[PDB]
Amino acid sequence: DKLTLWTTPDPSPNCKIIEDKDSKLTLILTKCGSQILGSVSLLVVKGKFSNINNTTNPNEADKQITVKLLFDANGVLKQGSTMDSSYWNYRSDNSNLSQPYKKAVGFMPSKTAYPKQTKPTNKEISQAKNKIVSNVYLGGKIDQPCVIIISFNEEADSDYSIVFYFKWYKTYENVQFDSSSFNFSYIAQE
Amino acid sequence: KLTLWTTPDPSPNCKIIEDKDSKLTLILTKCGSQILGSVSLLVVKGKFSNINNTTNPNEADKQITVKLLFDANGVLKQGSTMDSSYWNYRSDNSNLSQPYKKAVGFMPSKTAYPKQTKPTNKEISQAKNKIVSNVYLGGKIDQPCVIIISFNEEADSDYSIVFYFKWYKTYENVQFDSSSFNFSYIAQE
Amino acid sequence: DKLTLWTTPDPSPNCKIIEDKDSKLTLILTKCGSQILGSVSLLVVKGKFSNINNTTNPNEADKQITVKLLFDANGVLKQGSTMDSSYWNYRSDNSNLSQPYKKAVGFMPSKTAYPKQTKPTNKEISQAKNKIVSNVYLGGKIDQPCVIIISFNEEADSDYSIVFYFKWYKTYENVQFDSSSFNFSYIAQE
């Protein structure tokens with residue numbers, strides 16, 4: 001079938017913000033022909049970001065988290081991605097031999113919608129179209145906003161990329177990084 | 001693919017304060033492992049049909065909760081805010097007057113959105129079963145209202161979808177009429 | 001195949017805000033049965049909005065953009081739409097400009113979800129449900145917000161319409177109108 005590429009709904013820790021498996025990234029990608037429908041949430045279970053305190057840790061580095069998914073020409077997740085390979089595969093509809101996927105180019109962000117940028121800016125080429133910008137809410141609390149920026153194909157060192165950038169502006173005291181669910185879509189490569 | 005909905009223009013089908021005082025337009029479409037949803041709420045009778053927070057300034061006068069409660073078969077339970085008058089599958093090639101096993105495919109996943117026990121465990125998310133954003137009353141940018149959609153957090157039901165609307169501004173003669181809000185969630189199967 | 005109607009993912013200039021072909025609208029509409037899944041972004045490549053300066057150009061008309069898509073009873077784009085029809089077509093295995101489509105009623109916003117309003121507004125009839133109201137971010141920068149209002153079927157002289165209204169409040173100084181990607185959905189006519 002191959003219409004869902006995901007972490008499953010409840011992965012074990014599968015993401016390295018600071019240390020291996022310090023966080024759980026839940027990511028579902030569903031193919032609806034020419035668009036991928038996504039939903040992402042991030043829970044930090046260990047380390048400074050599992051109990052944010054920006055009085056104790058007041059630097060810019062203490063107020064953001066970047067999760068990078070890097071893919072090769074076959075749409076396979078590359079080593080060096082923030083998310084590890086423990087939970088990343090097609091949803092199975094039958095229980096016959098389980099193998100890592102070899103091809104998911106149909107799940108990749110379009111290279112023509114979201115080309116790689118060169119650093120001489122030109123007014124003819126968008127700098128925004130490959131970004132989705134909004135807020136998520138830590139603990140699902142309205143008074144704990146966190147900006148999310150999802151960027152497509154902006155990593156120079158991979159064929160495709162999906163990057164989730166989380167940055168908060170408020171000084172949080174003893175707040176676990178735990179983002180409310182964020183729904184999004186993008187144009188598929190094929 | 002398959003759609004469970006109120007239709008696009010239900011008659012009043014919701015009880016905020018009194019029977020059929022409001023119209024909830026709710027469309028759920030199954031797309032693989034996800035449900036794609038859109039919701040809007042119009043209050044046609046009662047205090048919330050003409051919000052006036054000078055006359056009604058209490059906290060209870062500045063929020064609306066719409067609860068959809070479902071049983072183990074994905075059937076809408078009577079105590080839901082929305083009544084069963086407009087809640088059925090979109091007419092296909094074939095017709096059918098009841099939902100049951102097919103309804104569980106529209107329910108929010110219990111694995112994605114598990115119930116929480118006593119004092120919460122820091123290894124289990126509190127946030128992932130919530131979508132938090134803004135809608136705009138009358139579709140007017142200067143009339144924001146927070147929306148929080150919560151999945152499966154109602155203790156006495158197998159599944160739930162709850163739409164919480166809460167505003168901070170003091171609205172004067174503003175009908176509760178929310179701009180359309182799009183969302184998605186992980187399906188039970 | 002007839003599940004995606006789009007601008008192509010990388011359109012040449014296709015929009016007249018002020019002058020012919022001053023802007024590139026990227027718009028993808030994908031049919032998922034009863035709902036259309038959309039994503040929109042707008043880059044202005046010529047004219048004042050290609051380098052917004054609201055100190056130089058301080059008036060209300062200098063702080064908003066309207067893109068109108070007007071459709072006939074067949075779902076075909078009408079003359080007087082902001083966008084050109086040449087590259088507005090179904091996605092197929094043919095990636096080149098081709099014969100215009102004849103019918104796309106299945107992509108049109110529902111007349112029952114989004115009826116035209118009669119002059120006496122009525123508390124029984126929603127004024128909001130045919131609108132999606134949010135923010136997009138110029139250049140993908142959280143400090144450059146822009147309101148977006150998408151309105152369905154509100155243009156009096158057309159069978160269907162999708163209108164994208166962009167309006168900003170900040171005094172931008174030398175900021176290209178370049179909107180971050182905005183994801184939305186609406187109820188299909190059939």
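Calculation notes
Note on numbering: positions run from 1 along each chain as its sequence is written and may not match the entry's numbering; residues without coordinates are not listed. Ligands are numbered from 1 and chains lettered from A, in the order in which they are written. Only hydrogens and water are set aside; all other atoms, that is, all heavy atoms of the structure, feed into the side-chain values. Numbered from the N terminus, helices here are DSSP runs of H or I no shorter than four residues, and strands are runs of E no shorter than two. In this treatment the radius of gyration is a C-alpha quantity, and the globule benchmark scales as 2.2 Å times the residue count to the 0.38 power. Working definition: with a 1.4 Å probe on protein chains only, accessible area under 20% of the residue-type maximum means buried, over 50% means exposed, and in between means partly exposed. In what follows, residue pairs with any heavy atoms lying within 4.5 Å of each other are defined as contacts. In these tables, accessible area is a Shrake-Rupley quantity obtained with a 1.4 Å probe, and a residue counts as shielded only by the protein chains included in the view. Charge assignment in this entry is limited to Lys and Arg as positive and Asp and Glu as negative, and neither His nor the chain termini are counted. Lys charges are placed at NZ, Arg charges at CZ, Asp charges at CG and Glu charges at CD. Whether two strands pair depends on DSSP finding at least two bridges between them. Axis geometry follows a simple rule: fit a line to the C-alpha atoms, using only the stretch in contact for helices, then measure angles between N-to-C directions, giving values from 0 to 180 degrees. One side-chain nitrogen of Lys or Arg within 4 Å of one carboxyl oxygen of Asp or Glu is enough to make a salt bridge. The term buried area means the drop in 1.4 Å probe accessible area that two parts suffer when joined, counted for both and summed.

Deposited coordinates in this entry are attributed by the record to X-ray crystallography, at a stated resolution of 1.3700 Å.

**Structural notes on the overall build of chain A**
For chain A, the helix and strand inventory stands at 0 helices and 11 strands. The linear arrangement of helices and strands in chain A, starting from the amino end, is β-β-β-β-β-β-β-β-β-β-β. Radius of gyration (C-alpha) of chain A: 17 Å, near the 16 Å computed for a compact globule of 190 residues. The buried share among the 190 residues of chain A stands at 56%. Across chain A, the fraction of contacts at a sequence separation of at least 24, relative to all contacts at a separation of at least 6, is 63%. If you sum the accessible surface of chain A, you get close to 8400 Å²; carbon and sulfur atoms cover 47% of it. Within chain A, one finds 22 positive and 19 negative side-chain charges whose respective centroids are separated by 3 Å.

**Observations concerning the sheet that holds strand β3 (residues 35–44) of chain A**
All names here are of chain A. The 5 strands are arranged β6-β1-β2-β3-β11 in an open sheet whose pairing can be described as antiparallel. If you trace the sheet from one side to the other, it starts and ends with β6 (89–90) and β11 (182–187), each paired once. In this structure, β3 lies alongside β11, joined through 6 bridges in antiparallel fashion. The partner of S39 across the bridge, within β11, is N183.

**A word on the sheet that holds strand β8 (residues 145–152) of chain A**
Hydrogen bonds along the backbone pair up the strands of a sheet, which may run parallel or antiparallel. All names here are of chain A. Taken together, the 4 strands give an open sheet; going across it, the order is β5-β9-β8-β7, and neighbouring strands pair in antiparallel fashion. Only two strands of the sheet have a single neighbouring strand rather than two, namely β5 (64–71) and β7 (131–137). For this sheet the average axis-to-axis angle between neighbouring strands, irrespective of direction, equals 15°. Across 6 bridges, the pairing between β8 and strand β9 (residues 160–167) is antiparallel. When the sheet's bridge partners are listed, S151 is paired in β9 with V163.

**What to know about the pattern of salt bridges**
Residue and element names in this part refer to chain A. For the structure on display, the rule yields 15 salt bridges over all chains. The partner of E60 in a salt bridge is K167, with the nearest N and O atoms 3.5 Å apart. Of this pair, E60 sits in the loop between β4 (52–53) and β5 while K167 sits in strand β9, and the two are 107 residues apart along the sequence. A relative accessible area of 6% means that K167 is categorised as buried.

**Points about the interface of chain C and chain B**
Taken residue by residue, the interface counts 26 residues in chain C and 30 residues in chain B. For the pair chain C and chain B, the summed buried surface comes to about 2200 Å²; carbon and sulfur atoms form 52% of the total. On the chain C side of the contact with chain B, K123(C), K129(C) and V133(C) bury the most area, a combined 25% of that side's loss. Counting across the chain C and chain B interface gives 0 salt bridges.

**Quick word on unusual backbone geometry**
The backbone phi angle of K20(B) is positive, close to 55°, even though this residue is not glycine. Among the structural elements, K20(B) can be located in the loop between β1 (3–5) and β2 (22–31). Even without being a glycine, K21(C) presents a positive backbone phi close to 55°. A relative accessible area of 44% places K21(C) in the partly exposed class.

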